[PDB]
Each structure stands twice: as structure tokens, then as C-alpha cells.
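Observations on chain architecture
The residues making up each chain are set out below.
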Amino acid sequence: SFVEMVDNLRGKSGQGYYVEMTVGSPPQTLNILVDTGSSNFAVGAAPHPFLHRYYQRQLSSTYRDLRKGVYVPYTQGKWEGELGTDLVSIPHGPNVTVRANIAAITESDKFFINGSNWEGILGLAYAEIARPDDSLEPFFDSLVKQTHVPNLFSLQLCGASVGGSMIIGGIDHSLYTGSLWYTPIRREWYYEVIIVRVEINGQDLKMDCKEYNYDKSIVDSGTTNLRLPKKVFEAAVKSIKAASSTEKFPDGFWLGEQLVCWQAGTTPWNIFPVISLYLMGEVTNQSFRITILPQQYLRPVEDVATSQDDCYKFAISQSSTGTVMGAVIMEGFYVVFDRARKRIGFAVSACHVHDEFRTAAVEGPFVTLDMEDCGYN
Ligand SMILES: CC(C)c1ccc2c(c1)[C@@H](NC[C@@H](O)[C@@H]1C[C@H](C)CCCCCCCCC(=O)N(C)[C@@H](C)C(=O)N1)CC(C)(C)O2
């Protein structure tokens, strides 16, 4: 019954992907942002200028207050609220209903986005990072523990405003081509992985592979960009600037604030390089790579000056808190979060990103020595 979940995600570019859910009794319908970078299920529960609707506890006969507060500070944005429980279901998901923890958001800061169509957040990562502490069982743990839904999910995030699929409980073989390559989940808190090699247009960055994972690398659908630690971001940008020196862009573009434009249909894709991330494999001394096209890290932005040009923002940004494989990296791949086997699988998506010459890829096997030395401590 996975066909029912195909195309159950929507979103706007740079504004995440959301799925429809219901909370309470009688059911209250809300759009919920799908976030593999956090572990709290939370929904707006008080008026807010950017909310079209909100969770009204006073109307749900199944609401149970927990007499406990909560706040979550993300990389950017934060909210606070009240903890409680209620019945939750996913209309275009498994045909079940679970009692789960819910944070009713009463105040927020730079969290809700003006005109985004979602009103809450579904953190799908592990208890270790739940707020206030790891005793607040996350939604997906509740789902698996109360139903027979198998302990895994897969995300097919599509670019161009955007759609996708979240298969809860398995893999839908019509959503990808080729082979699935698995990398171990290093530790169950974020979806942490180990990057063992980085190449740009086929040229190795020749860095201590510990630099790629300082102080961690994660798979995070709640983050738009590919976020790279200081030393890696500098090497990658320098490499990307040189490959595209044919044309000139403001330094505010390489800082991810200014947008570059071109005539409608003349974007010089061929001057921007492909980025290959090599990930630790399942077998000794074995890795595999995923190749990112520029159509992925040049995020198209809606120019409302003259809707006659193609404009983009550079979606690779600097980090001081580790590598983040954000939504633009996940886009065009089918990503399997195999919690049951502590591994994350990658395959070319059915909605893969098109270049009339190059293609995104997931290729292996590759031999890599001393992969364990690349994890940071
Ligand atoms: C568990 C939580 C406390 C936490 C704390 C730190 C933290 C993360 C999670 C990890 N995931 C972060 C992730 O969950 C958060 C979730 C967002 C607030 C969800 C709402 C906005 C979704 C649509 C616009 C995305 C813009 C974007 O890209 N935004 C807002 C990054 C900067 C971000 O922060 N997105 C990443 C990392 C580096 C490990 O840092």
C-alpha cells in the first residue's frame, strides 16, 4: 500500500517539504514540515501572522496536557511551547493512528515562514536530541512502537512549486533506478554519516578526511543548503569559482545572499562543476559516491523584479557545527532511512535532476583505506 504515499509531500523552494497530518478528536488538519534534522513533533497552537490555522487544544476531546514546557533552538529560528499528547494520523500515509507527544507552539522567532502553507514540524531523528531531554519519545518511535509499521522510511524530495514522497514503513521501487548504496548511521542521534572523500569535477580536494566530518556530518531534510565546515567551504568555493571564472558574480553571491541571473534559458550550467561525496560503505575498505549537479546547489529563486530571467542563489554555505547534507543534496536521490539496520541508502531518484549532458549518480564500489580515521572525535 505504498502507492498511497507517493506524491504526499509539497513545498516551496527554500521552504522545506511538508506532509498532511491530523491532530486531535475530531481530527484537525495541519501541514507539517518533514525534518530529519530534529526530533520534536511540534505544531503552532496560538495565533501568528504567518499561520493560516493552528492546533486548538480546547477542541480535542483526546488532548492531555503534560504540565511541562519545552523550547527548541535550531541552527536558525526557535520556538517554545507546552508539551502534551494527542492522537495523530497521516491521511496519505499508513492507515493508522497513534498517541504521540506534541509541543503546542505558543511563541516563535524566525521559525514560521511568511506564506509557506505549513503550520508545524515533524522531527524524524532520534530521541538523543529531543527537547527537553531524550525521555520525550519522538513521533516515529511512537508510531513503530504502537503499530506494525516497520522501522524505516524513505524520502524522495523533488525539485522543480516542488513535490515529493515520504514512504513510511518501506521502500517504493517505482521511485528510483539502479542500485541502492548504503552507508552506516554512525551514531543514533542525528542521522550521522561519515564522508570519506570529496571530489570536484573529478579532482580530489586532498584534505584530511577528518575535515569533512568536523564535528559531524548529517542527513537533514530541514536544512536547505549543503553546509560545509570552514576549511572545507573555503576549498570548495575556491574550486567552484575557478571552474566558473568565465563569468563574474558578486562576492555577496558566494555568501548566499545575492542572486545571480541570466537570460531565460541561457544559464551556463556547463561552467559549474559537479561535486562527488564519497560515503563509507557496508563492507571493509569499501565506499560509494553520490554526484551533485549544479542544478542542485544553484537554488532557483523567484525573481519578482522581471519574471523574464532565470535567477538562482548559491546553496552551499559555511558552517561551524559540521557538514549538513541538506535538502538540495537529497533532492534527486531516493534516500532510505533504514533505522532497523542503522544505515542510510541512496539511489538515483525517479525525479532525478536533468542536465542534457551530465547526470546525478550513485556509483560503487570504491576502495578506500582507513575510512574509520575520517570520523571526528
Ligand atoms: C535538534 C535541533 C535543536 C538542532 C540543533 C542544531 C542543528 C540541527 C538541529 C540540525 N538540523 C537543523 C534543522 O532541524 C532546522 C529545522 C528548521 C528550523 C525547520 C523550519 C524551516 C524549514 C524550511 C527552511 C529551512 C532553512 C534552513 O536551512 N534552516 C532554518 C536551517 C539553518 C535549520 O536550522 N533547520 C543541523 C545542525 C547543524 C546539526 O544544527
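Presented here is a report on the structure given in the accompanying data block. Counting starts from 1 on each chain and goes along its sequence as written, which need not follow the entry numbering; residues with no coordinates are hidden. The side-chain values count all of the structure's non-hydrogen atoms but skip hydrogen atoms and water molecules.

**So, the site of the ligand**
Test applied: Whether a residue is near a molecule or strand depends on its heavy atoms: if one lies within 4 Å, it is near. For the purposes of these results, a polar contact is taken to be a pair of N or O atoms within 3.5 Å, where, inside protein, one atom must be able to donate a hydrogen and its partner to accept one; residues adjacent in sequence count only when each atom of the pair is a side-chain atom. Working definition of accessibility: Shrake-Rupley area with a 1.4 Å probe, residue cover restricted to the visible protein chains. Whether a set of points on the 1 Å grid over the protein atoms alone is a cavity depends on a 1.4 Å probe fitting there but being unable to get out, while an open set qualifies as a pocket with protein on both sides within 12 Å along at least five of seven lines; lining residues are those with an atom within 4 Å of a point. What decides whether a molecule sits in a cavity or pocket is whether more than half of its atoms lie within 2 Å of the grid points.
Of all residues adjacent to the ligand, which total 26 residues, the nearest are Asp 35, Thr 75, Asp 220, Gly 222 and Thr 224. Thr 224 places a main-chain nitrogen or oxygen 3.0 Å from an oxygen atom of the ligand. Surface burial for the ligand is 89%, taken as the share of its 800 Å² of free accessible area covered by protein chains. Of the pockets mapped on this structure, the ligand occupies the largest pocket.

**What to know about the sheet that holds strand β22 (residues 316-319)**
What counts here: DSSP calls a pair of strands paired once it identifies at least 2 bridges connecting them. Runs of E in the DSSP output that reach at least two residues are strands. Runs of H or I that reach at least four are helices, and both are numbered from the N terminus. Any two residues whose heavy atoms approach within 4.5 Å at even a single point are treated as in contact. Note on method: axes are straight lines fitted to C-alpha atoms, helices fitted across the in-contact stretch only, with angles between N-to-C directions ranging 0 to 180 degrees.
If you walk across this open sheet you meet the five strands as β12-β15-β23-β16-β22, and the pairing is mixed. Two strands lie at the open edges of the sheet, namely β12 (192-193) and β22, each paired on one side alone. Summarising the sheet, strand β16 (residues 226-229) and strand β23 (residues 323-325) pair through two bridges and their orientation is antiparallel. The partner of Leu 226 across the bridge, within β23, is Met 325. Where helix α2 (residues 230-243) meets the sheet, it contacts β16 and β22, and its direction lies at approximately 115° from that of β16.

**Considering the packing of aromatic side chains**
Remark: the centre distance and the inter-plane angle together describe each pair of aromatic rings, the angle taken between the planes. Definition in use: Aromatic rings from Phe, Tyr and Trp, with only the six-membered ring used for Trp, were paired whenever their centres fell within 6.5 Å, and each pair was classed as stacked if the ring planes differed by under 30 degrees, edge-to-face if by over 60, and tilted otherwise. A simple rule labels every residue: compare its accessible area, found with a 1.4 Å probe on the protein chains alone, to the largest value its type can have, and call it buried under 20%, exposed over 50%, or partly exposed in between.
Counted according to the given criterion, the structure contains 28 aromatic pairs. An angle of 80° between the planes, with centres 5.8 Å apart, marks the rings of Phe 111 and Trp 118 as edge-to-face. With relative accessibility at 10%, the residue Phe 111 sits in the buried group. Owing to a relative accessible area of 5%, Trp 118 belongs among the buried residues under this scheme. Between the aromatic rings of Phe 249 and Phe 272, the centroid separation amounts to 5.7 Å while the plane-to-plane angle is 40°, which identifies the pairing as tilted. Taken together, the residues span a long stretch of sequence, with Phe 249 in the loop between α2 and β17 (260-263) and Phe 272 in the loop between β17 and β18 (275-280) at a distance of 23 residues. Neither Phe 249 nor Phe 272 differs from the other in exposure class; each is buried.

**Re the pairing of strand β19 (residues 286-292)**
Burial of β19 is extensive: six of the seven residues sit out of reach of the surface. Relative to β19, β18 runs antiparallel, the two sharing six bridges. When the sheet's bridge partners are listed, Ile 275 is paired in β19 with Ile 292. Two successive antiparallel strands, β18 and β19, enclose a turn made up of five residues, where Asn 285 displays a positive phi of approximately 55°. The sheet contact formed by β19 and strand β26 (residues 361-367) spans five bridges and is antiparallel. Directly across from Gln 286, in β26, lies its bridge partner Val 367.

**Considerations on unusual backbone geometry**
Put simply, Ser 25 and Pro 26 share a cis peptide bond, and its omega is 0°. Its place among the elements puts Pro 26 in the loop between β2 (17-23) and β3 (28-35). With an omega dihedral of 0°, the bond running from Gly 364 to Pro 365 counts as a cis peptide bond. As for its position among the elements, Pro 365 is in strand β26.

**Brief notes about empty space enclosed by the protein**
We apply this condition: Grid points are joined across faces, edges and corners, and a volume is the space filled by probe spheres set on the points. Amino acids are sorted into nonpolar (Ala, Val, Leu, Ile, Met, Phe, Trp, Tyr, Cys and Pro), charged (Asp, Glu, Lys and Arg) and polar (every other residue, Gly among them).
In this structure, the largest cavity occupies an estimated 100 Å³ of space. Taken together, 13 residues form the lining of the largest cavity, with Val 198, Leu 226, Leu 228, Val 232 and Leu 277 sitting closest to its centre. At the level of secondary structure, the elements contributing two or more residues to the lining of the largest cavity comprise β13 (195-200), β16, α2 and β18. Here the lining of the largest cavity takes three residues from β13, the largest share from any one element. For the lining of the largest cavity, a count of residues per class yields twelve nonpolar, one polar and no charged. In this structure, the second largest cavity spans a volume of roughly 50 Å³. Around the second largest cavity sit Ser 39, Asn 40, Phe 41, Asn 101, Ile 102, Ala 130, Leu 136, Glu 137, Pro 138 and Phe 139, which together line it. A breakdown of the residues in the lining of the second largest cavity according to their chemical character gives six nonpolar, three polar and one charged.

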